[PDB]
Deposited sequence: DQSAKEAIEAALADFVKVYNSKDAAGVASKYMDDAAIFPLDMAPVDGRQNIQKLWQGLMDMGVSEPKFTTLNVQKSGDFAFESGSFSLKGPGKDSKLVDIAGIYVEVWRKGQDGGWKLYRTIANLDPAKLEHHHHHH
């Protein structure tokens, strides 16, 4: 298993947990001091607030998440990722681009540390 495949597997699980409507499970995939920065929108800091974000999307009926990993570079205990995303809202397409950093755990699992994303118009 390569680094890209490892990240792709991590995101595949992310998708499954989201689709099970388990916002806490989604939030566990982040470091506690992780942060999401949606450009031209309010930053989201810490796992607790990140859980609220994903719970909010669930509550709004947002579905069918897809996260396409384009490029991955492993650097020390970090993995640097470029990708795209697409979701569906009540059906409305919600899509865009992101870059993000994962941190490898002692257990060998990857967790999200930093995400920067932008929504297409």
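- Counting the deposited sequence from 1, the stretches lacking C-alpha coordinates are 1, 92-96, 128-137.
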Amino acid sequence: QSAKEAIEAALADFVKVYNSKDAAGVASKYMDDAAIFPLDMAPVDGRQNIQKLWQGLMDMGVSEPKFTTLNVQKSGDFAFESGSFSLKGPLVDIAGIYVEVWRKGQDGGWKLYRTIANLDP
From here on, numbers count along this sequence of modelled residues.
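- Judged by mean Cα B factor in the deposited record, 36-44 ranks above the other of 36-44 and 78-86.
- Mean CA B-factor, 99-107 versus 9-17: the higher value falls on 99-107.
- Which of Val26, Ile94, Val72, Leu57 has the largest Cα B-factor in the deposited entry comes down to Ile94.
- Per the PDB record, residue ranking by Cα B-factor puts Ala3 in the highest third of the chain.
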